[PDB]
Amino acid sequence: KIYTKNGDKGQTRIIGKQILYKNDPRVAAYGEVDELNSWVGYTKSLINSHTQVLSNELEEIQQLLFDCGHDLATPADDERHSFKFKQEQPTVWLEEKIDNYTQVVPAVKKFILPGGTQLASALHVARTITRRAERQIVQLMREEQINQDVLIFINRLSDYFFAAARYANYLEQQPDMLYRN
């Protein structure tokens, strides 16, 4: 059975033997990353012929977020369990994409508001959910030692979603939504 009922009184296991309340900042950080992952899965379900080029990298992002969640669930001083996530190559990978997408899209002009195509709009939602997860990761960091690589990546990731959102609009010839002064 997938249900143990062990969590019925509001406590849960993390990586290692530690049992925490589900409102613990560590469990919250893990959960926000999990919710982001689910949103990314939802976003990739909206891909069409015009935007198929985005499918692979979204899948890779889900893989990377699973690793982020693992590390958030891992106490830094746990002898038996260690961090698995390293920021350097995934973050440089994001930066390459941010750079590429930023140059191909039209120069603006005004501040950009979230929206456009359904996919671009979803990528904008991904941006804001990433930022929500980031806040909770910072909450955890202020109480416990974390894998700081996760925070670097999650910071960069919301810029990725912004750039990818603009690019998704561009791919369907949809103008970005702009703030009118």
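Note that residue numbering follows the sequence shown and begins at 1.
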- [ ] Give the stretch, out of 169-177 and 156-164, with the larger mean C-alpha temperature factor in the deposited entry.
- [x] 169-177
- [ ] Would you determine, from the values in the PDB entry, which of 114-122 and 127-135 has the greater average C-alpha temperature factor?
- [x] 114-122
Task: Lowest, middle or highest third - CA B-factor, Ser45 - done: middle
Open item on the list: Sorting by Cα B-factor within the chain, modelled residues only, which third would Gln52 end up in: lowest, middle or highest?
Closed with: highest
Task: Third of chain Cα B-factors occupied by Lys17 - done: highest
Task: Position of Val104 among the chain's modelled residues by C-alpha B-factor, lowest, middle or highest third - done: highest
TODO: For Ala76, return the chain-relative third of its C-alpha B-factor as stated in the PDB record: lowest, middle or highest.
DONE: highest
